[PDB]
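Let me begin by presenting the structure, written as structure tokens, before commenting on it.
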Amino acid sequence: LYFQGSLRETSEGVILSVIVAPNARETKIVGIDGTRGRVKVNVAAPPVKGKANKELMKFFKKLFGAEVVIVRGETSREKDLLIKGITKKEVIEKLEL
Ligand code: NA
């Protein structure tokens, strides 16, 4: 199981496909869902008032040093994040740290 199954590079940056679980002890990557092609991300925020979406974006903006926006799944557990202006190679390097 590699992170490459959860990423693709468009003209704008990298779309990182995640599957979240809120109410977690710590925001962190906890796995890879090999069937869905998504990174399993625990989010230390409640799923109310957009707080889990905010925490998710904050985590990845800090990790990648780039603006992160939700492009699909704002009200789903399965969310696609656009990491603007970054390459897939850079995203893989940072996910593997
Ligand atoms: Na939310």
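Residue numbering for the sequence shown follows PDB author numbering, starting at -4 and increasing by one per position.
C-beta atoms are modelled at their ideal positions from N, C-alpha and C, and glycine is treated no differently.
Looking at the strands, I want to know which residues DSSP matches up with residue i.
i, result
"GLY26", "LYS35"
"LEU2", "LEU11"
"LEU77", "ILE10, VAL64"
"residue 107", "This structure does not reach residue 107, given that the chain is present from -4 up to 92, and the question cannot be answered."
Say yes only if the C-beta of residue i is nearer than 7 Å to one or more non-hydrogen atoms of ligand 1, and no if none qualify.
i, result
"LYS56", "no"
"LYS46", "yes"
Drop a sphere of 10 angstroms on the beta-carbon of residue i, count the other beta-carbons inside from all chains shown, and report buried for 16 or more, exposed for fewer.
i, result
"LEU90", "buried"
"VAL25", "exposed"
"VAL38", "buried"
Which residue's Cα is closest to the Cα of residue i: the options?
i, options, result
"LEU77", "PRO41, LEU2, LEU92", "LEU2"
"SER71", "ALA40, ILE14, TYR(-3), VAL9", "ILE14"
"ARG31", "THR82, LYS83, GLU73", "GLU73"
"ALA47", "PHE59, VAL64, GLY60", "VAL64"
"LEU58", "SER6, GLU4, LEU11", "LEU11"
"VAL36", "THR22, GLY45, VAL43", "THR22"
"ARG33", "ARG67, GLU7, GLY8", "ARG67"
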